[PDB]
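Only one chain is given next, in structure tokens, and it is the form deposited without its partner chain.
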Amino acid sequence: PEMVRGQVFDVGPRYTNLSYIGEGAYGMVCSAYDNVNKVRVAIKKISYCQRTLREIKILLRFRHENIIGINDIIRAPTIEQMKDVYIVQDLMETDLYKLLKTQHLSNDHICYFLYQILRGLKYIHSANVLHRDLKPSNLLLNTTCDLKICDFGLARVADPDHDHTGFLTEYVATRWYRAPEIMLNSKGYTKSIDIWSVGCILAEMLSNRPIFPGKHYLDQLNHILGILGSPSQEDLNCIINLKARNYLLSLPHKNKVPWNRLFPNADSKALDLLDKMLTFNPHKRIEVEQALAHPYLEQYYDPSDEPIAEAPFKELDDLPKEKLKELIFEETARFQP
């Protein structure tokens, strides 16, 4: 079996000429030459977690141009022998995190990237799925700037009727992209949580810097309020939880920072859409289909070419380890000879 940085990376004879790419959310990732399709591919070693089963089930069900697919899964032929799982995907030149660290984006690139994010998100939301961890590093790009959403490890089926929670409830997803309501009264079980993340991504494309780089849980909220300003009476009245509402009432009045002052070189239509995605009240926040129909995206908008899922998708953290391993074995069976 082939080895990489003194660690087993056992992808069988189909995949050769490994090159270390780096570490991702799951472990070691290499490119390899796929001797069947005659192209280099990306391979991630997984070494279970409910997140692995969630990713695999979702990615195998979805089929969309702006969502990363699974090309192949490598594992031992039996549960008893199965230790590692290798997930083979299209090799992508880069991701939006790397690109923003190094490259200024043209307005045309920002518009095209945002279109493709929203086009992919339309499909995810049409399947009643929430991604819940949208951020630049989870947006892959190829050499021609085709964009694909990845990492469904934190995804959930939407459940708005069970979204309410108390103030300061702990949350898993990446802090800088969390909607204000996560810190106040929301479990992140509604589609509006993903639109906020997209808004944060758009702002980050406009300036190459994260818009709300909070250093800890509550500081994230105070970055958001530092730009949006104090919520209105109406928006406060929507927060029925007293601890959350009284926290907000305790704060000094903060003025809204105009978007054109934060992003003086931005397209005005981009800033109108940004405003609508970064709305404090999640009930007032623009939805994915409205965002696609926004004038900023008029060059691209074509709802007949923005497909939806054939059916809604449909738990994991309630199962013992032996049960989760058995389920991963079953979900990956289709790739065996």
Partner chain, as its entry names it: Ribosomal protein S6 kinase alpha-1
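Residue numbers count along the first chain shown, from 1. Rigid core here is just the name for the largest C-alpha set that superposes within 1.5 Å across the two forms.
In this entry, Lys323 and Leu324 are joined directly, with no residue of the deposited sequence lacking coordinates between them.
Gap check for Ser47 to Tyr48: 4 to 9 deposited residues are absent from the model.
Of the two segments examined, 273 to 281 and 57 to 65, it is 57 to 65 that shows the higher average Cα temperature factor in the deposited entry. Between 148 to 156 and 113 to 121, it is 148 to 156 that carries the larger average Cα temperature factor according to the deposited entry. Looking at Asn37, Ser304, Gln299, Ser268, the one whose CA carries the top B-factor in the deposited record is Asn37.
Among the modelled residues of its chain, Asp133 has a C-alpha B-factor that falls in the lowest third, as given in the PDB entry. Among the modelled residues of its chain, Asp72 has a C-alpha B-factor that falls in the middle third according to the deposited record. Among the modelled residues of its chain, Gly229 has a C-alpha B-factor that falls in the middle third according to the deposited record.
The entry lists a Cα temperature factor for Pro210 that places it in the middle third of the chain's modelled residues.
Sort the chain's modelled residues by C-alpha temperature factor and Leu248 lands in the lowest third, per the entry.
This protein has a second form, the form deposited with its partner chain bound, left out of what is shown; the following refers to that one.
Only one of 229 to 237, 194 to 202, 70 to 78, 141 to 149 places residue heavy atoms within 4.5 angstroms of its partner chain in the entry with it bound, namely 141 to 149. Highlighted residues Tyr123, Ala127 and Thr279: none comes within 4.5 Å of its partner chain in the entry with it bound, counting any heavy atom. Contact between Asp90 and its partner chain in the entry with it bound is not found at the 4.5 Å heavy atom cutoff. Among residues of the shown chain, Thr52 is not one whose heavy atoms approach its partner chain to within 4.5 Å in the entry with it bound.
Interface residue remark: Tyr26 is counted as part of the site for its partner chain in the entry with it bound, having a heavy atom within 4.5 Å. Contact annotation for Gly6: at least one heavy atom lies within 4.5 Å of its partner chain in the entry with it bound.
Residues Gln299, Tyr300, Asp302, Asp305, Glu306 are the members of 284 to 311 with a non-hydrogen atom no more than 4.5 angstroms from its partner chain in the entry with it bound. Only one candidate in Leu271, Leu59, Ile286, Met28 has its Cα displaced by 2 Å or more between the shown form and the other one after core superposition: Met28. With the core held fixed between the shown form and the other one, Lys187 has its Cα displaced by at least 2 Å. Core-superposed comparison between the shown form and the other one: the CA of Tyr112 stays below a 2 Å shift.
When two forms of a protein are overlaid on their rigid core, residues whose CA moves 2 Å or more are considered shifted, and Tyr171 is one of them between the shown form and the other one. Relative to the shown form, the CA atoms of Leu96 and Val172 are brought 3 Å or more closer together in the entry with it bound. Compared with the form shown here, the Cα atoms of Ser137 and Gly6 sit 3 Å or more closer together in the entry with it bound.
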